[PDB]
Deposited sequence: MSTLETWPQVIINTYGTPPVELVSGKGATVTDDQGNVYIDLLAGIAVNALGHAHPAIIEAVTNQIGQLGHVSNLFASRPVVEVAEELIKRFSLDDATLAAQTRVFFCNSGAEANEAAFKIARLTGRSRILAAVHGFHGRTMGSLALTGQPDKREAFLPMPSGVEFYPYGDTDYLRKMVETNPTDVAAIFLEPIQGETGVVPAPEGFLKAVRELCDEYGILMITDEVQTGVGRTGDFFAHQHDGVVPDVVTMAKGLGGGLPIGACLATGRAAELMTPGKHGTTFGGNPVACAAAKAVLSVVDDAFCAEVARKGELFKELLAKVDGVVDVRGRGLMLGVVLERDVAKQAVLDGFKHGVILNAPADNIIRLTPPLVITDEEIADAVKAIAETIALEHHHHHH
């Protein structure tokens, strides 16, 4: 049903009802709606330069790139210097660039997590662990096999059946779909040694978990590993169409590809406004708000656990009623999500106030009744 205007963690339908948004358009509105830094950034750019081809440079494109490199290589100027970024317009378009780097390795096998989601373009659909979403459009481009998320023992044996024909391993550091399933303890570190031994590219999809959403800038940094390649999008746009493929070392030298709106100046002017807000301390504020959700919900009847970090959270019910809670959620002034019958998912704008967190835990607690 219809939507017209919003502010912070608030948005309002045609009829005039204000809602606490805990979905943020499926995790893209990281600064909420109509945020001053983004309004300045966009109004300022659209008034000067619209779109340039990748034949030409443009500042905001260059400046966002520099910045993601900074955020990625954590006060290491050597990692920084063998890193590069490719800009796209979605996370689908971003992962496709990732699938292409894995084709440029010369190896045929790409391995992806079982409930993973990377987008619905042919190559990014080839990576999505959900086979229902694949059935209708077979053939898929070949090479992908799937592994249970967080099972180092299976993945090791899976790799070692034909190890040097493994181009890439795709993982999300926190699975967004089917629930909020965070990389278990020791997992990305494990994948990092597995890839090191065999010449494989380690690729972390941060389309949903990127830009502070986790508490760290990049959810993968919570595990102190350094992937070869990071895909990102929603959250980076602050409400505008963007994606990016970041690559370090051999993966950077391999990339051939090129999108028309790659390096969209207005898309990137927004990207800059987002980054100038989401600094380390904003990210620390994300971790905190996350624990406040956990803490207040822990006390709520019918809520059994809350899993995730920062503002990507899986509220686990005990009554298979999440689908319903959504519907009844609206009448109590909250926009919720249900990636299962068990689980309500919260991905609110990272600028949510404790007040709004607290009302939102009220709204949710009532519906369960």
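Asks: How would you write out the unmodelled ranges of the deposited sequence, numbered from 1?
Replies: Sequence ranges with no C-alpha atoms are 1-19, 275-277, 392-399.
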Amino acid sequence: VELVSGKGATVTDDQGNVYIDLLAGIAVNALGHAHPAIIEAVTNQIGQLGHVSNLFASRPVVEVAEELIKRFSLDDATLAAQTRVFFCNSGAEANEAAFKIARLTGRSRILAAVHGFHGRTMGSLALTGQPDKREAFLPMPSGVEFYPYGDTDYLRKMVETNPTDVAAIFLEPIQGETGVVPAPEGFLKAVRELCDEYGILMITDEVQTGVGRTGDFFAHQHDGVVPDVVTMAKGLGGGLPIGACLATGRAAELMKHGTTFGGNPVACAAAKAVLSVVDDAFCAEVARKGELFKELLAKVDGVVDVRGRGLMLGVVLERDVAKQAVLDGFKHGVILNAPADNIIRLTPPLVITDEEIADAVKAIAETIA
From here on, numbers count along this sequence of modelled residues.
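Asks: Out of 305-313 and 319-327, which one has CA B-factors that are higher on average in the deposited record?
Replies: Comparing 305-313 with 319-327, the higher average CA B-factor belongs to 319-327.
Asks: State which stretch shows the higher mean Cα B factor in the entry: 240-248 or 71-79.
Replies: The deposited B-factors put 71-79 ahead on the C-alpha mean.
Asks: In this PDB entry, which of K289, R103, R134, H257 has the top CA B-factor?
Replies: Answer for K289, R103, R134, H257: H257, with the highest C-alpha B-factor.
Asks: Tell me which of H115, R120, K299, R109 tops the list for C-alpha B factor in the record.
Replies: Of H115, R120, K299, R109, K299 has the highest C-alpha B-factor.
Asks: Determine, from the deposited record, the chain-internal third of the Cα B-factor for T353: lowest, middle or highest.
Replies: Middle third.
Asks: Lowest, middle or highest third: which one holds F261 when the chain's residues are ordered by CA B-factor from the entry?
Replies: Answer is highest: the recorded C-alpha B-factor places it there.
Asks: Compared with the other modelled residues in the chain, in which third is the CA B-factor of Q45?
Replies: For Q45, the deposited C-alpha B-factor lands in the lowest third.
Asks: Would you check the entry's CA temperature factor for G235 and let me know if it's in the chain's lowest, middle or highest third?
Replies: Ranked within chain, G235 CA B lands in the middle tercile.
Asks: Of the three thirds of its chain by CA temperature factor, lowest, middle or highest, which one includes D279?
Replies: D279: CA B-factor falls in the middle third of its chain.
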